[PDB]
Amino acid sequence: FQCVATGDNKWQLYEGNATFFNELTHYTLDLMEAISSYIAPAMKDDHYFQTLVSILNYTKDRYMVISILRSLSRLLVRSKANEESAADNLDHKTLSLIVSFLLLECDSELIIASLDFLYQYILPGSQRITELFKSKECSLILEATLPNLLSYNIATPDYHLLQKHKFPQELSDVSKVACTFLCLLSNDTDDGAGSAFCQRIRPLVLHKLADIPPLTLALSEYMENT
Amino acid sequence: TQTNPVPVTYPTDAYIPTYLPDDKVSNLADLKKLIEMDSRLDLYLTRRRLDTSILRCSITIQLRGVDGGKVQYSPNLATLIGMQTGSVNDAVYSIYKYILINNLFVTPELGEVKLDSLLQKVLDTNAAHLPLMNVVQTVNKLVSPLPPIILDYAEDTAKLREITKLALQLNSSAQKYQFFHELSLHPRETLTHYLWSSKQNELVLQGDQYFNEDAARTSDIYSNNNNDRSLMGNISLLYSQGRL
Amino acid sequence: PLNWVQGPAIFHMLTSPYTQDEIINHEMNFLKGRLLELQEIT
Amino acid sequence: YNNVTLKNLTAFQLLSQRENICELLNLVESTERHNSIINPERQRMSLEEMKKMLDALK
Amino acid sequence: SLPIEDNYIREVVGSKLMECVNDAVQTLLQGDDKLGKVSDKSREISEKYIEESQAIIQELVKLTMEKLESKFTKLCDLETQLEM
Amino acid sequence: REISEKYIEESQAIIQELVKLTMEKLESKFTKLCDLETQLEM
Amino acid sequence: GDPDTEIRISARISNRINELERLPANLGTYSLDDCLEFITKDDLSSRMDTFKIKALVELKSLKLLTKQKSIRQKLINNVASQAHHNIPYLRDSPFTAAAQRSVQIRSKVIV
Amino acid sequence: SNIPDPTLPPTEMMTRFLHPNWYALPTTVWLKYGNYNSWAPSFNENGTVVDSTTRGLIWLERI
Amino acid sequence: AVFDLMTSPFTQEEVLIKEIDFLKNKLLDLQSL
């Protein structure tokens with residue numbers, strides 16, 4: 001399927017067998033989605049990780065993209081802090097695509113999968129936060145989406161009615177994940193690239209805390225880290 | 001919008017073939033460059049669209065400008081904020097930033113605050129702990145409206161639809177190419193495939209001809225069609241299951 | 001060690017469609033009419 | 001017509017498979033489906049649009 | 001199996017091409033001498049679709065650009081507005 | 001074939017010129033806006 | 001279908017029923033083969049009822065019509081209602097096997 | 001008995017037949033995200049019989 | 001609705017316990033959606 005997805009001249013797929021092959025490759029990824037937790041030590045020059053990160057650039061299925069993101073999420077679990085596949089095999093076309101999925105305001109399973117992949121990618125913190133906040137377009141979409149993902153699908157107190165007369169008490173499913181990711185991102189000490197982001201988001205998140213009081217219990221370690 | 005994408009009837013950006021030989025075409029790479037150019041430009045536009053918002057009688061006249069852009073404050077809340085009559089969201093943000101300055105949460109531990117003098121004065125309560133939810137609920141009560149005058153005494157969808165239809169025609173032409181190319185390389189085991197699969201699909205299409213109206217009201221299914229053998233042999237089974 | 005046991009009630013429906021939306025109501029009725037018949041055994 | 005059946009898929013595949021074998025024997029013409037999609041005057045009109053875009057972009 | 005109303009039904013209410021094609025193909029799969037006579041005869045027909053396919057592809061390279069043009073004329077809006 | 005060959009042989013130079021020109025203009029315009037937004041954000 | 005030409009069939013059957021139901025019940029034959037039996041003044045020949053049985057097989061078969069219709073419905077709607085487990089050339093096609101395989105997919109367990 | 005006369009209006013015998021050659025088969029589900037989302041995964045194929053390409057061709061040769 | 005006989009290392013009560021554990025989960029999945 002990598003030979004199909006890249007377009008290499010070796011083993012070009014015959015189209016008439018394509019319905020024989022298509023449902024052949026949906027039943028294998030669902031095995032790779034299930035056994036990846038038991039391949040939890042990821043090596044450097046791995047073939048599974050390289051193959052799936054080649055596949056993710058090609059496909060257009062929502063289901064298959066969610067399965068690839070869950071496999072790569074649960075494959076880098078008990079990883080390292082120094083040297084595994086995530087430091088080098090993410091060739092920056094892919095990691096610029098996974099953060100891009102946060103802009104899709106309508107879907108919500110893909111946002112949760114992408115935030116979980118970034119969260120499992122960002123647990124070491126030394127060579128991971130700089131690599132994430134390295135690009136001028138990967139470190140800049142997060143300046144706009146992640147304060148907006150706090151009040152995602154939450155009845156904020158509006159003011160259009162108050163301008164035209166003439167509180168939620170809850171959260172959402174992705175607000176908890178975004179608060180978790182941003183509190184974990186606030187722990188980047190020694191003023192590297194992480195707290196340089198976490199200081200430039202506070203004047204905008206401070207307006208979101210005035211509207212939603214469950215953002216006071218959550219966003220606690222971030223507020224202690226400012 | 002919803003929480004899930006909307007299913008829709010017409011196709012949306014079907015694939016581009018990759019098996020055509022590049023010694024003759026040499027153009028699908030260029031269209032590919034145009035497509036990722038469009039995706040990059042659309043990424044920029046969508047980010048900027050998100051970030052662009054990121055007896056003596058009295059005179060009583062209800063004016064034209066009864067407007068909630070500048071709403072009156074209670075004088076206790078006016079002393080706590082400082083501004084005279086600003087707004088409602090400015091009031092909520094000023095109260096919350098005052099609470100955040102005075103370090104009152106915890107040094108529910110962050111729900112409960114430490115009630116101080118002025119804040120108990122503006123809320124008319126006397127607790128020590130009280131959650132922030134009720135504190136900002138009381139802001140809705142503490143604000144009153146402004147007093148009136150008193151005197152006493154597309155084409156892009158159709159364009160993308162056309163590009164989708166044209167890419168489907170490209171897929172059709174590429175599949176019709178690949179059939180004759182694979183027949184050109186080795187012709188034996190594709191003509192045997194044709195003679196097998198055409199016969200099998202003819203049998204599949206002729207698997208339904210004895211279930212019409214006037215082909216079942218007549219008698220030429222049950223009687224004398226042991227040549228067919230398909231039904232009227234299930235009757236040893238179907239009676240034994242009680243269906244009848 | 002053998003135990004001759006009665007197997008589970010498998011919902012084999014009479015007419016078998018292929019799309020999911022023509023199935024879910026019948027399968028809900030089967031889940032109700034199986035779990036209610038099985039709840040009294042406990 | 002929004003949905004497909006087993007009869008529809010089988011008829012589509014059988015039709016598209018018999019149209020491909022009838023081009024080797026040349027017992028079908030299929031010049032209309034060819035030339036209505038090639039359309040060389042439309043091709044040169046599109047190339048003139050590309051040439052005018054070269055002129056307007058330079 | 002009783003004809004009961006069959007008589008009243010009969011009162012009130014009173015291909016070859018592809019089989020010949022299949023016989024022709026079954027004769028083509030006997031002697032090797034026609035197979036090359038198939039192959040180059042097929043090999044030109046593939047070329048007939050290649051001259052088809054680029055005539056589709058050079059259309060898409062047209063039809064993308066106006067839509068891209070329809071995204072430049074909006075983006076040069078923001079060249080003003082943000083600077084505002 | 002010959003009208004098709006005439007408008008299919010000359011056209012590829014036009015295509016590979018025009019896409020590279022659009023690459024040029026779009027890269028210039030993005031390098032303008034990406035430096036504009038920093039002076040916005042300051 | 002076409003209930004114009006459905007009533008024109010169901011009005012020829014009422015003709016035959018109300019023509020057979022006006023035959024006399026004391027109907028009997030006299031074949032040309034009773035001469036070989038030498039029937040006396042009272043002997044009860046054994047081919048006397050070869051027309052009255054035949055004139056009741058029709059009259060009762062034309063009243064049991066909407067019973068064999070209801071048996072043929074239960075036959076066809078249980079032979080054709082499977083149609084993909086008994087017929088061999090249908091359960092061996094690609095698309096039928098793929099549909100029967102794809103309906104049996106058990107839902108994915110999150111975590 | 002309790003049989004009816006054969007001159008009653010139900011004489012149809014095929015009204016709600018629906019042979020399983022005429023069933024709807026599960027195919028691909030094209031999704032729409034928005035107006036300016038051109039990098040998203042466009043469709044969804046969980047348990048489909050045919051691909052997106054052949055289903056797009058079947059849509060093409062009917063409309 | 002077709003039953004069956006088979007051999008298993010579990011008793012008939014433990015099979016019913018597993019049926020409860022499966023049908024509660026499928027009931028929650030289908031009533032949730």
# chains A, B, ... in the order shown; residues from 1 in each chain; ligands from 1
$ residues_around --residues "residue C:38" --least-positions-apart "5" --cutoff "9 Å" --atoms "only C-alpha atoms" --output "ChimeraX atom specification"
/C:33 /I:16,20
$ write_last_selection --atoms "N, CA and C atoms" --output "short mmCIF file (atom, residue, chain, number, x, y, z; two decimals), in the first residue's frame"
data_model
loop_
_atom_site.label_atom_id
_atom_site.label_comp_id
_atom_site.auth_asym_id
_atom_site.auth_seq_id
_atom_site.Cartn_x
_atom_site.Cartn_y
_atom_site.Cartn_z
N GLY C 33 -35.51 -7.64 23.52
CA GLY C 33 -36.18 -8.92 23.69
C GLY C 33 -35.27 -10.08 24.06
N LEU I 16 -23.71 -17.02 30.68
CA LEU I 16 -24.72 -15.97 30.82
C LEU I 16 -24.14 -14.69 31.41
N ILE I 20 -24.25 -11.09 29.54
CA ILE I 20 -24.63 -9.83 30.18
C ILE I 20 -23.56 -8.77 29.94
#
$ interface_residues --of "chain C" --to "chain H" --cutoff "7 Å" --atoms "only C-alpha atoms" --output "list in words"
residues 17, 18 and 19 of chain C
$ interface_residues --of "chain E" --to "chain H" --cutoff "12 Å" --atoms "only C-alpha atoms" --output "list in words"
residues 4, 5 and 71 of chain E
$ atom_distance --atom1 "atom CA of residue A:152" --atom2 "atom CA of residue A:194"
23.2 Å
$ interface_residues --of "chain G" --to "chain I" --cutoff "12 Å" --atoms "only C-alpha atoms" --output "PyMOL selection string"
chain G and resi 106-110
$ residues_around --residues "residue E:52" --least-positions-apart "2" --cutoff "9 Å" --atoms "only C-alpha atoms" --output "ChimeraX atom specification"
/B:170,173 /D:34,37-38 /E:47-50,54-56
$ closest_residue --among "E:26, E:42, E:1, E:15" --to "chain D" --atoms "only C-alpha atoms"
E:42
$ interface_residues --of "chain G" --to "chain D" --cutoff "12 Å" --atoms "only C-alpha atoms" --output "list in words"
residues 84, 90, 91, 93, 94, 95, 96, 97, 98 and 99 of chain G
$ select_by_dssp --residues "chain B" --states "helix (DSSP H, G or I)" --output "number ranges by chain"
B: 28-51, 75-81, 89-101, 117-123, 132-142, 155-185, 188-205, 235-241
$ interface_residues --of "chain H" --to "chain A" --cutoff "12 Å" --atoms "only C-alpha atoms" --output "JSON, numbers by chain"
{"H": [27, 28, 29, 30, 31, 32, 33, 34, 35, 36, 37, 38, 39, 40, 41, 42, 43, 44, 45, 46, 47, 48, 49, 50, 51, 52, 53, 54, 55]}
$ residues_around --residues "residue G:53" --least-positions-apart "5" --cutoff "10 Å" --atoms "only C-alpha atoms" --output "VMD selection string"
chain G and resid 27 to 28 58 to 59
$ write_last_selection --atoms "N, CA, C and O atoms" --output "PDB file, in the first residue's frame"
ATOM      1  N   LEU G  27     -76.373 -35.671 -11.618  1.00  0.00           N
ATOM      2  CA  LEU G  27     -75.716 -35.775 -12.907  1.00  0.00           C
ATOM      3  C   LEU G  27     -74.919 -37.068 -12.927  1.00  0.00           C
ATOM      4  O   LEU G  27     -74.209 -37.384 -11.969  1.00  0.00           O
ATOM      5  N   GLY G  28     -75.040 -37.813 -14.015  1.00  0.00           N
ATOM      6  CA  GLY G  28     -74.375 -39.095 -14.099  1.00  0.00           C
ATOM      7  C   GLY G  28     -74.068 -39.439 -15.533  1.00  0.00           C
ATOM      8  O   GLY G  28     -74.662 -38.892 -16.466  1.00  0.00           O
ATOM      9  N   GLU G  58     -63.255 -28.937 -10.759  1.00  0.00           N
ATOM     10  CA  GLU G  58     -63.221 -27.569 -11.264  1.00  0.00           C
ATOM     11  C   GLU G  58     -63.877 -26.585 -10.306  1.00  0.00           C
ATOM     12  O   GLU G  58     -63.314 -25.518 -10.044  1.00  0.00           O
ATOM     13  N   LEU G  59     -65.054 -26.918  -9.777  1.00  0.00           N
ATOM     14  CA  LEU G  59     -65.807 -25.979  -8.957  1.00  0.00           C
ATOM     15  C   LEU G  59     -65.153 -25.727  -7.608  1.00  0.00           C
ATOM     16  O   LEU G  59     -65.352 -24.655  -7.032  1.00  0.00           O
TER      17      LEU G  59
END
$ residues_around --residues "residue D:54" --least-positions-apart "5" --cutoff "10 Å" --atoms "only C-alpha atoms" --output "JSON, numbers by chain"
{"D": [48, 49], "F": [14, 15, 17, 18, 21]}
$ residues_around --residues "residue E:81" --least-positions-apart "4" --cutoff "12 Å" --atoms "only C-alpha atoms" --output "PDB file with C-alpha atoms, in the first residue's frame"
ATOM      1  CA  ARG B  48      -6.853  34.523   8.644  1.00  0.00           C
ATOM      2  CA  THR B  52      -9.895  38.108  12.147  1.00  0.00           C
TER       3      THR B  52
ATOM      4  CA  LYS E  74      -9.405  38.112  -2.317  1.00  0.00           C
ATOM      5  CA  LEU E  75      -5.936  37.916  -0.766  1.00  0.00           C
ATOM      6  CA  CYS E  76      -4.890  41.273  -2.228  1.00  0.00           C
ATOM      7  CA  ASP E  77      -7.851  42.576  -0.235  1.00  0.00           C
TER       8      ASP E  77
ATOM      9  CA  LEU F  33       2.365  39.214   3.931  1.00  0.00           C
ATOM     10  CA  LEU F  36       3.577  42.364   7.271  1.00  0.00           C
ATOM     11  CA  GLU F  37       2.015  40.232  10.019  1.00  0.00           C
ATOM     12  CA  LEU F  40       1.087  43.751  12.977  1.00  0.00           C
TER      13      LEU F  40
END
$ interface_residues --of "chain E" --to "chain G" --cutoff "12 Å" --atoms "only C-alpha atoms" --output "list in words"
residues 1, 2, 3, 4, 5, 6, 7, 8, 9, 10, 11, 12 and 13 of chain E
$ closest_atom_pairs --of "chain B" --to "chain A" --cutoff "8 Å" --atoms "only C-alpha atoms" --output "tab-separated table"
residue	atom	partner	partner_atom	distance
B:1	CA	A:106	CA	6.0
B:2	CA	A:106	CA	5.9
B:3	CA	A:107	CA	5.4
B:4	CA	A:107	CA	4.7
B:5	CA	A:107	CA	5.8
B:18	CA	A:7	CA	5.7
B:19	CA	A:12	CA	6.3
B:43	CA	A:100	CA	7.9
B:46	CA	A:103	CA	7.6
B:47	CA	A:141	CA	7.0
B:50	CA	A:144	CA	7.4
B:51	CA	A:144	CA	5.9
B:54	CA	A:144	CA	7.0
B:65	CA	A:166	CA	7.5
B:66	CA	A:166	CA	5.6
B:67	CA	A:166	CA	5.3
B:68	CA	A:163	CA	4.9
B:69	CA	A:163	CA	5.8
B:89	CA	A:159	CA	7.9
B:92	CA	A:210	CA	6.5
B:93	CA	A:210	CA	5.6
B:96	CA	A:210	CA	6.1
B:108	CA	A:217	CA	7.8
B:110	CA	A:217	CA	5.6
B:111	CA	A:217	CA	6.6
B:132	CA	A:213	CA	6.9
B:133	CA	A:213	CA	6.2
B:175	CA	A:15	CA	6.8
B:178	CA	A:14	CA	7.7
$ write_last_selection --atoms "N, CA, C and O atoms" --output "CSV table (one decimal), in the first residue's frame"
chain,number,residue,atom,x,y,z
B,1,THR,N,-22.2,25.5,12.5
B,1,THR,CA,-22.2,24.2,11.9
B,1,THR,C,-22.4,23.1,12.9
B,1,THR,O,-22.5,23.3,14.1
B,2,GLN,N,-22.3,21.8,12.4
B,2,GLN,CA,-22.5,20.7,13.3
B,2,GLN,C,-21.3,20.3,14.0
B,2,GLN,O,-20.3,21.0,14.0
B,3,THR,N,-21.3,19.1,14.7
B,3,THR,CA,-20.1,18.5,15.3
B,3,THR,C,-19.5,17.5,14.4
B,3,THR,O,-18.3,17.0,14.6
B,4,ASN,N,-20.2,17.1,13.3
B,4,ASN,CA,-19.7,16.1,12.3
B,4,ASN,C,-20.0,16.7,11.0
B,4,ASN,O,-20.9,17.5,10.8
B,5,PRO,N,-19.2,16.3,9.9
B,5,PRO,CA,-19.4,16.8,8.6
B,5,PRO,C,-20.7,16.3,8.0
B,5,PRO,O,-21.3,15.3,8.4
B,18,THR,N,-2.0,7.8,-11.0
B,18,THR,CA,-0.5,7.8,-10.8
B,18,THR,C,0.2,6.8,-11.7
B,18,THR,O,1.5,6.8,-11.7
B,19,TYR,N,-0.5,6.0,-12.4
B,19,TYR,CA,0.1,4.9,-13.2
B,19,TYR,C,0.4,5.2,-14.6
B,19,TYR,O,0.9,4.4,-15.4
B,43,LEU,N,-5.2,27.2,3.2
B,43,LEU,CA,-4.8,27.2,4.6
B,43,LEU,C,-4.6,28.6,5.2
B,43,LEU,O,-5.0,28.9,6.3
B,46,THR,N,-8.0,30.4,5.5
B,46,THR,CA,-8.8,29.9,6.6
B,46,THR,C,-8.3,30.3,7.9
B,46,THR,O,-9.1,30.7,8.8
B,47,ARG,N,-7.0,30.3,8.1
B,47,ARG,CA,-6.4,30.8,9.3
B,47,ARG,C,-6.7,32.3,9.5
B,47,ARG,O,-7.0,32.7,10.7
B,50,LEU,N,-10.2,32.8,10.6
B,50,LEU,CA,-10.5,32.5,12.0
B,50,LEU,C,-9.9,33.5,12.9
B,50,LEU,O,-10.5,33.9,13.9
B,51,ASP,N,-8.7,34.1,12.5
B,51,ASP,CA,-8.0,35.0,13.4
B,51,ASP,C,-8.5,36.5,13.2
B,51,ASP,O,-8.0,37.3,13.9
B,54,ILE,N,-10.1,37.2,16.4
B,54,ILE,CA,-9.3,36.6,17.5
B,54,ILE,C,-8.0,37.5,17.7
B,54,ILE,O,-8.1,38.4,18.5
B,65,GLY,N,-32.5,56.3,21.7
B,65,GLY,CA,-31.2,55.7,22.0
B,65,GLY,C,-31.2,54.9,23.3
B,65,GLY,O,-30.2,55.0,24.1
B,66,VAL,N,-32.2,54.1,23.6
B,66,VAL,CA,-32.2,53.2,24.7
B,66,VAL,C,-31.3,52.0,24.2
B,66,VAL,O,-31.9,51.1,23.6
B,67,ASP,N,-30.0,52.0,24.5
B,67,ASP,CA,-29.1,51.1,23.9
B,67,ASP,C,-28.1,50.6,24.9
B,67,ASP,O,-27.6,51.3,25.8
B,68,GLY,N,-27.9,49.3,24.8
B,68,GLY,CA,-27.1,48.5,25.8
B,68,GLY,C,-25.6,48.5,25.5
B,68,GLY,O,-24.9,47.6,25.9
B,69,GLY,N,-25.1,49.6,24.8
B,69,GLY,CA,-23.7,49.7,24.5
B,69,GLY,C,-23.0,50.3,25.7
B,69,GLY,O,-21.8,50.1,26.0
B,89,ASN,N,-19.5,43.3,29.5
B,89,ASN,CA,-18.3,42.4,29.4
B,89,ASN,C,-17.1,43.0,30.0
B,89,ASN,O,-16.2,42.3,30.6
B,92,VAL,N,-17.5,42.4,33.7
B,92,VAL,CA,-17.1,41.0,34.1
B,92,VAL,C,-15.6,40.8,34.0
B,92,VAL,O,-15.0,40.2,35.0
B,93,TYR,N,-15.0,41.3,33.0
B,93,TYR,CA,-13.5,41.2,32.9
B,93,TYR,C,-12.8,42.0,34.0
B,93,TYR,O,-11.8,41.5,34.5
B,96,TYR,N,-13.2,40.0,37.3
B,96,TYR,CA,-12.4,38.8,37.3
B,96,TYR,C,-10.9,39.1,37.4
B,96,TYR,O,-10.2,38.4,38.1
B,108,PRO,N,-14.1,22.5,46.0
B,108,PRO,CA,-13.4,23.2,45.0
B,108,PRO,C,-12.5,24.3,45.6
B,108,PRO,O,-12.9,25.2,46.2
B,110,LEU,N,-10.1,26.2,43.7
B,110,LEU,CA,-10.1,27.3,42.9
B,110,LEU,C,-11.5,27.9,42.6
B,110,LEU,O,-11.6,29.0,42.1
B,111,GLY,N,-12.5,27.1,42.8
B,111,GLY,CA,-13.9,27.7,42.8
B,111,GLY,C,-14.1,28.6,43.9
B,111,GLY,O,-14.6,29.8,43.7
B,132,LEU,N,-17.2,31.0,42.4
B,132,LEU,CA,-17.1,32.0,41.4
B,132,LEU,C,-18.3,32.0,40.5
B,132,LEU,O,-18.6,33.1,40.0
B,133,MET,N,-19.0,30.9,40.3
B,133,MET,CA,-20.2,30.8,39.5
B,133,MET,C,-21.3,31.7,40.0
B,133,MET,O,-21.8,32.5,39.3
B,175,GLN,N,-8.3,4.4,-16.9
B,175,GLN,CA,-8.6,3.0,-16.8
B,175,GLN,C,-8.8,2.3,-18.1
B,175,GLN,O,-8.3,1.2,-18.3
B,178,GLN,N,-5.3,1.6,-19.3
B,178,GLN,CA,-4.6,0.5,-18.6
B,178,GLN,C,-5.1,-0.8,-19.0
B,178,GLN,O,-4.3,-1.8,-19.0
$ closest_atom_pairs --of "chain F" --to "chain D" --cutoff "7 Å" --atoms "only C-alpha atoms" --output "Markdown table"
| residue | atom | partner | partner_atom | distance |
| --- | --- | --- | --- | --- |
| F:3 | CA | D:40 | CA | 6.9 |
| F:4 | CA | D:40 | CA | 6.5 |
| F:7 | CA | D:44 | CA | 6.5 |
| F:11 | CA | D:47 | CA | 7.0 |
| F:18 | CA | D:54 | CA | 6.7 |
$ interface_residues --of "chain B" --to "chain E" --cutoff "8 Å" --atoms "only C-alpha atoms" --output "PyMOL selection string"
chain B and resi 24-25+27-28+31+34+38+41+45+156+159+163+166-167+169-170+173-174+176-178+180-181+183-185+187-188+191+195+218-219+222-223
$ closest_residue --among "A:136, A:80, A:96, A:222" --to "chain F" --atoms "only C-alpha atoms"
A:136
$ atom_distance --atom1 "atom CA of residue G:42" --atom2 "atom CA of residue G:24"
22.6 Å
$ interface_residues --of "chain C" --to "chain I" --cutoff "7 Å" --atoms "only C-alpha atoms" --output "list in words"
residues 1, 2, 3, 4, 5, 6, 7, 8, 9, 10, 11, 12 and 31 of chain C
$ decode --residues "stretch 2-23 of chain I" --atoms "N, CA and C atoms" --output "compact mmCIF listing (two decimals), in the first residue's frame"
# COMPACT_ATOMS: atom_id res chain seq x y z
N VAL I 2 -31.44 -18.09 16.60
CA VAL I 2 -31.09 -19.49 16.46
C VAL I 2 -30.11 -19.85 17.58
N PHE I 3 -30.47 -20.86 18.36
CA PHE I 3 -29.65 -21.35 19.46
C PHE I 3 -28.73 -22.48 18.98
N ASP I 4 -27.92 -22.99 19.90
CA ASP I 4 -26.87 -23.93 19.54
C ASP I 4 -26.40 -24.67 20.79
N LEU I 5 -25.82 -25.85 20.59
CA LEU I 5 -25.09 -26.57 21.62
C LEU I 5 -23.61 -26.62 21.25
N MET I 6 -22.76 -26.51 22.27
CA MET I 6 -21.31 -26.53 22.06
C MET I 6 -20.63 -26.86 23.38
N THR I 7 -19.35 -27.22 23.27
CA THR I 7 -18.51 -27.52 24.43
C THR I 7 -17.71 -26.28 24.81
N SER I 8 -17.49 -26.12 26.11
CA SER I 8 -16.80 -24.95 26.64
C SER I 8 -16.21 -25.32 27.99
N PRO I 9 -15.15 -24.63 28.42
CA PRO I 9 -14.63 -24.86 29.78
C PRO I 9 -15.42 -24.15 30.86
N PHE I 10 -16.44 -23.36 30.50
CA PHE I 10 -17.21 -22.61 31.48
C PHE I 10 -18.56 -23.28 31.70
N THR I 11 -19.18 -22.99 32.85
CA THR I 11 -20.53 -23.45 33.12
C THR I 11 -21.54 -22.58 32.39
N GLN I 12 -22.81 -22.97 32.48
CA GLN I 12 -23.86 -22.23 31.78
C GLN I 12 -24.14 -20.89 32.46
N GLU I 13 -23.85 -20.78 33.75
CA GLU I 13 -24.02 -19.50 34.44
C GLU I 13 -22.96 -18.49 33.99
N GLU I 14 -21.72 -18.95 33.81
CA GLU I 14 -20.62 -18.08 33.43
C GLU I 14 -20.76 -17.58 32.00
N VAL I 15 -21.33 -18.42 31.12
CA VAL I 15 -21.67 -18.00 29.77
C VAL I 15 -22.71 -16.89 29.81
N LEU I 16 -23.71 -17.02 30.68
CA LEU I 16 -24.72 -15.97 30.82
C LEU I 16 -24.14 -14.69 31.41
N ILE I 17 -23.15 -14.80 32.30
CA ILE I 17 -22.43 -13.63 32.80
C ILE I 17 -21.71 -12.92 31.66
N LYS I 18 -21.05 -13.68 30.78
CA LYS I 18 -20.38 -13.07 29.63
C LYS I 18 -21.37 -12.47 28.65
N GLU I 19 -22.56 -13.07 28.52
CA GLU I 19 -23.59 -12.50 27.66
C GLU I 19 -24.11 -11.19 28.22
N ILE I 20 -24.25 -11.09 29.54
CA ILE I 20 -24.63 -9.83 30.18
C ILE I 20 -23.56 -8.77 29.94
N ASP I 21 -22.28 -9.14 30.11
CA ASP I 21 -21.18 -8.20 29.91
C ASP I 21 -21.07 -7.73 28.46
N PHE I 22 -21.46 -8.57 27.50
CA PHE I 22 -21.41 -8.14 26.11
C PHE I 22 -22.63 -7.31 25.73
N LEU I 23 -23.82 -7.72 26.19
CA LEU I 23 -25.03 -7.05 25.73
C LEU I 23 -25.26 -5.72 26.44
